[PDB]
$ cat structure-v1.txt   # compact mmCIF, C-alpha atoms and all ligand atoms
# COMPACT_ATOMS: atom_id res chain seq x y z
CA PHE A 1 0.00 0.00 0.00
CA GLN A 2 1.76 3.08 -1.34
CA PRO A 3 -0.14 6.35 -1.88
CA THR A 4 0.82 6.22 -5.57
CA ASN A 5 -0.74 2.77 -6.06
CA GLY A 6 -3.54 2.50 -8.58
CA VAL A 7 -7.02 2.80 -7.11
CA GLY A 8 -7.46 -0.92 -7.77
CA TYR A 9 -4.44 -1.52 -5.51
CA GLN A 10 -5.17 1.23 -2.97
CA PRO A 11 -6.41 0.25 0.50
CA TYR A 12 -10.15 0.14 1.15
CA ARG A 13 -11.77 -0.20 4.57
CA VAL A 14 -14.72 -2.60 4.63
CA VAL A 15 -17.49 -3.10 7.19
CA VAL A 16 -20.15 -5.82 6.91
CA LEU A 17 -23.35 -5.53 8.95
CA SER A 18 -25.16 -8.82 9.58
CA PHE A 19 -28.55 -8.83 11.30
CA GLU A 20 -29.65 -11.59 13.65
CA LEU A 21 -32.89 -12.73 15.25
CA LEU A 22 -32.11 -15.29 17.96
CA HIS A 23 -34.06 -17.39 20.43
CA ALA A 24 -33.64 -14.41 22.75
CA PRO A 25 -35.05 -10.90 23.22
CA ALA A 26 -34.56 -8.38 20.42
CA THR A 27 -32.32 -5.64 21.84
CA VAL A 28 -31.07 -3.81 18.72
CA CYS A 29 -33.75 -1.44 17.45
CA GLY A 30 -34.08 1.51 15.11
CA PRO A 31 -34.68 5.14 16.03
CA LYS A 32 -38.32 5.10 14.89
CA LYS A 33 -40.41 6.82 17.53
CA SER A 34 -42.86 4.56 19.35
CA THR A 35 -46.55 5.34 19.79
CA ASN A 36 -49.37 4.59 22.19
CA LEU A 37 -51.43 1.45 21.68
CA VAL A 38 -55.03 1.35 20.43
CA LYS A 39 -57.29 -1.65 20.98
CA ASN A 40 -60.50 -2.96 19.44
CA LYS A 41 -59.86 -0.99 16.24
CA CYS A 42 -58.45 -1.72 12.79
CA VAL A 43 -54.88 -0.43 12.62
CA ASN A 44 -51.58 -0.91 10.82
CA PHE A 45 -49.31 -2.32 13.52
CA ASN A 46 -45.53 -2.70 13.73
CA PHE A 47 -44.29 -4.68 16.76
CA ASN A 48 -40.48 -4.72 16.71
CA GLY A 49 -40.59 -4.90 12.91
CA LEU A 50 -43.38 -7.49 12.81
CA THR A 51 -45.74 -5.57 10.53
CA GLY A 52 -49.36 -6.19 9.67
CA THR A 53 -52.93 -4.95 9.78
CA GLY A 54 -55.74 -5.96 12.09
CA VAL A 55 -57.54 -5.52 15.39
CA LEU A 56 -55.59 -5.85 18.64
CA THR A 57 -57.55 -7.29 21.56
CA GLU A 58 -56.75 -8.53 25.05
CA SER A 59 -55.74 -12.18 24.81
CA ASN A 60 -56.31 -15.13 27.12
CA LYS A 61 -53.32 -17.00 25.69
CA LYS A 62 -50.44 -18.13 27.83
CA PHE A 63 -47.09 -17.24 26.28
CA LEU A 64 -44.06 -18.57 28.07
CA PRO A 65 -41.66 -16.04 29.62
CA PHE A 66 -39.65 -16.10 26.39
CA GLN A 67 -42.31 -16.33 23.67
CA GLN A 68 -42.67 -13.08 21.72
CA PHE A 69 -45.36 -13.87 19.13
CA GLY A 70 -47.69 -16.70 18.20
CA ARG A 71 -48.66 -18.09 14.82
CA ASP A 72 -51.59 -19.75 13.06
CA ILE A 73 -51.77 -22.81 10.82
CA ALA A 74 -51.37 -20.40 7.90
CA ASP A 75 -48.03 -19.19 9.34
CA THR A 76 -49.61 -15.80 10.06
CA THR A 77 -49.11 -14.03 13.36
CA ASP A 78 -52.08 -14.76 15.61
CA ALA A 79 -50.93 -12.85 18.71
CA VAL A 80 -47.95 -10.90 20.02
CA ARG A 81 -46.31 -9.58 23.19
CA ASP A 82 -46.06 -5.81 23.50
CA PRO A 83 -42.34 -4.91 23.81
CA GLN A 84 -43.16 -2.09 26.25
CA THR A 85 -45.86 -3.94 28.23
CA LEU A 86 -45.67 -7.60 29.26
CA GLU A 87 -49.11 -8.42 27.90
CA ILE A 88 -50.29 -10.76 25.15
CA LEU A 89 -52.56 -9.37 22.44
CA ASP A 90 -54.67 -11.29 19.94
CA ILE A 91 -54.68 -10.10 16.33
CA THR A 92 -58.00 -10.53 14.56
CA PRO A 93 -57.93 -9.78 10.81
CA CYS A 94 -60.03 -6.77 9.89
CA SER A 95 -63.60 -7.70 9.05
CA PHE A 96 -64.13 -8.34 5.36
CA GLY A 97 -66.52 -10.04 3.00
CA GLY A 98 -68.06 -10.28 -0.43
CA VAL A 99 -70.21 -7.40 -1.64
CA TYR B 1 -25.04 -19.74 19.90
CA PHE B 2 -25.29 -22.06 22.89
CA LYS B 3 -28.96 -22.81 23.52
CA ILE B 4 -29.84 -24.23 26.93
CA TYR B 5 -33.28 -25.71 27.63
CA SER B 6 -34.20 -27.17 30.99
CA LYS B 7 -36.97 -28.66 33.11
CA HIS B 8 -37.31 -29.44 36.83
CA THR B 9 -39.76 -31.96 38.25
CA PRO B 10 -40.26 -33.77 41.57
CA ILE B 11 -39.66 -37.52 41.47
CA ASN B 12 -39.76 -40.57 43.73
CA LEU B 13 -37.39 -43.10 42.18
CA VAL B 14 -33.87 -44.35 42.93
CA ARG B 15 -33.27 -46.55 39.87
CA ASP B 16 -33.19 -44.57 36.62
CA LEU B 17 -35.11 -42.07 34.51
CA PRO B 18 -38.85 -42.17 35.28
CA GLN B 19 -40.93 -43.19 32.29
CA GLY B 20 -43.31 -40.58 30.95
CA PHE B 21 -43.28 -37.39 28.92
CA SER B 22 -42.40 -33.78 29.69
CA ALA B 23 -41.03 -30.97 27.54
CA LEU B 24 -37.99 -28.84 28.28
CA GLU B 25 -38.41 -25.12 27.76
CA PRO B 26 -35.58 -22.85 26.59
CA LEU B 27 -33.96 -20.76 29.30
CA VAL B 28 -30.69 -19.39 27.88
CA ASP B 29 -29.08 -18.53 24.54
CA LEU B 30 -25.46 -17.47 24.99
CA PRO B 31 -23.81 -15.77 21.96
CA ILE B 32 -20.46 -17.39 22.66
CA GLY B 33 -19.09 -18.35 19.24
CA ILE B 34 -16.92 -20.79 21.20
CA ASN B 35 -16.53 -24.08 19.33
CA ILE B 36 -17.31 -27.11 21.52
CA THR B 37 -16.58 -30.81 21.09
CA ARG B 38 -16.42 -32.08 24.69
CA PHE B 39 -17.93 -31.31 28.09
CA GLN B 40 -17.98 -32.54 31.68
CA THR B 41 -20.02 -32.33 34.88
CA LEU B 42 -19.12 -30.92 38.30
CA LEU B 43 -20.63 -32.14 41.56
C1 LIG C 101 -40.30 0.75 29.81
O1 LIG C 101 -40.98 -0.50 29.60
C2 LIG C 101 -41.01 -1.32 30.78
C3 LIG C 101 -41.67 -2.62 30.40
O2 LIG C 101 -41.13 -3.71 31.12
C4 LIG C 101 -41.74 -0.59 31.91
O3 LIG C 101 -41.66 -1.38 33.10
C5 LIG C 101 -41.12 0.78 32.16
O4 LIG C 101 -41.91 1.50 33.10
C6 LIG C 101 -41.04 1.56 30.86
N1 LIG C 101 -40.39 2.85 31.08
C7 LIG C 101 -40.94 4.01 30.73
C8 LIG C 101 -40.12 5.24 31.02
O5 LIG C 101 -42.04 4.08 30.20

$ encode --input "structure-v1.txt" --output "C-alpha cells"
Amino acid sequence: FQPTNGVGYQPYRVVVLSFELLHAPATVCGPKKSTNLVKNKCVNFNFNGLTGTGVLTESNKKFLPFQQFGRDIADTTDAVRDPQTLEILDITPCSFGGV
Amino acid sequence: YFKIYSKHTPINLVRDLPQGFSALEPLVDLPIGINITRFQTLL
C-alpha cells in the first residue's frame, strides 16, 4: 500500500453488517419513535418490525416467559407480546366479506 | 449460539429415569461463538 498505487491496488476499509434474530429478546432497534397502543380498532401495527394490519384485543393465551409472538396454521401471526408492556394481544384480521 | 433448555420436576425413584413425557423449555441462549466438542459435569 503506497499512496501512488492504482485505485485498484489502494487500500479500502470494509465493514459488513449482519442482522440476527435469535431465540432471545430483540435488543437492537431503530430510532423510529414509538406510539401509544389502540385496541378494538383496525390499525396498521408494527411490533419490533413485525408488521401487519388488524384488530388488537386482550388475549387469554399463555405465552411462556420467552415467547414473543404466536402463529396460526397459515403461518400468520395470531398474537404478540407488546415490547413495552408484558401483555399478550390477539390479532383478529379486519372484518371483510363479499359485496 | 449455545442454547440451553431445561426442566425441573419432583420424582420418587432411585433406579433410573422415570418413564413418561415432559417438555424442556428454553432458558438461555449465549452468543459465545466458542466451538465445543467435549464437556464434563461438576458435583
Ligand atoms: C419501559 O418499559 C417497561 C416494560 O417492562 C416498563 O416497566 C417501564 O416502566 C417503561 N419505562 C418508561 C419510562 O415508560

$ interface_residues --input "structure-v1.txt" --of "chain A" --to "chain B" --cutoff "8 Å" --atoms "only C-alpha atoms" --output "ChimeraX atom specification"
/A:22-24,66

$ write_last_selection --input "structure-v1.txt" --atoms "C-alpha atoms" --output "PDB file, in the frame of the given file"
ATOM      1  CA  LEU A  22     -32.110 -15.290  17.960  1.00  0.00           C
ATOM      2  CA  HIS A  23     -34.060 -17.390  20.430  1.00  0.00           C
ATOM      3  CA  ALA A  24     -33.640 -14.410  22.750  1.00  0.00           C
ATOM      4  CA  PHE A  66     -39.650 -16.100  26.390  1.00  0.00           C
TER       5      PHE A  66
END

$ residues_near_ligand --input "structure-v1.txt" --ligand "ligand LIG 101 (chain C)" --cutoff "8 Å" --atoms "only C-alpha atoms and all ligand atoms" --output "PDB file with C-alpha atoms, in the coordinates of the input"
ATOM      1  CA  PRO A  83     -42.340  -4.910  23.810  1.00  0.00           C
ATOM      2  CA  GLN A  84     -43.160  -2.090  26.250  1.00  0.00           C
ATOM      3  CA  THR A  85     -45.860  -3.940  28.230  1.00  0.00           C
ATOM      4  CA  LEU A  86     -45.670  -7.600  29.260  1.00  0.00           C
TER       5      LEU A  86
END

$ atom_distance --input "structure-v1.txt" --atom1 "atom CA of residue 38 of chain A" --atom2 "atom CA of residue 71 of chain A"
21.2 Å

$ closest_residue --input "structure-v1.txt" --among "A:67, A:61, A:47, A:2" --to "residue 25 of chain A" --atoms "all atoms listed in the file"
A:67

$ residues_near_point --input "structure-v1.txt" --point "(-44.3, -8.8, 12.8)" --cutoff "10 Å" --atoms "all atoms listed in the file" --output "NGL selection string"
:A and (45-53 or 69 or 76-77 or 79-80)

$ atom_distance --input "structure-v1.txt" --atom1 "atom CA of residue 16 of chain B" --atom2 "atom CA of residue 39 of chain B"
21.9 Å

$ closest_residue --input "structure-v1.txt" --among "A:5, A:95, A:18, A:40" --to "residue 56 of chain A" --atoms "only C-alpha atoms"
A:40

$ atom_distance --input "structure-v1.txt" --atom1 "atom CA of residue 90 of chain A" --atom2 "atom CA of residue 57 of chain A"
5.2 Å

$ axis_aligned_box --input "structure-v1.txt" --around "segment 1-16 of chain A" --padding-each-side "5 Å" --output "JSON"
{"center_x": -9.2, "center_y": 0.3, "center_z": -0.7, "size_x": 31.9, "size_y": 22.2, "size_z": 25.8}

$ closest_residue --input "structure-v1.txt" --among "B:9, B:36, B:4, B:43" --to "residue 22 of chain B" --atoms "all atoms listed in the file"
B:9
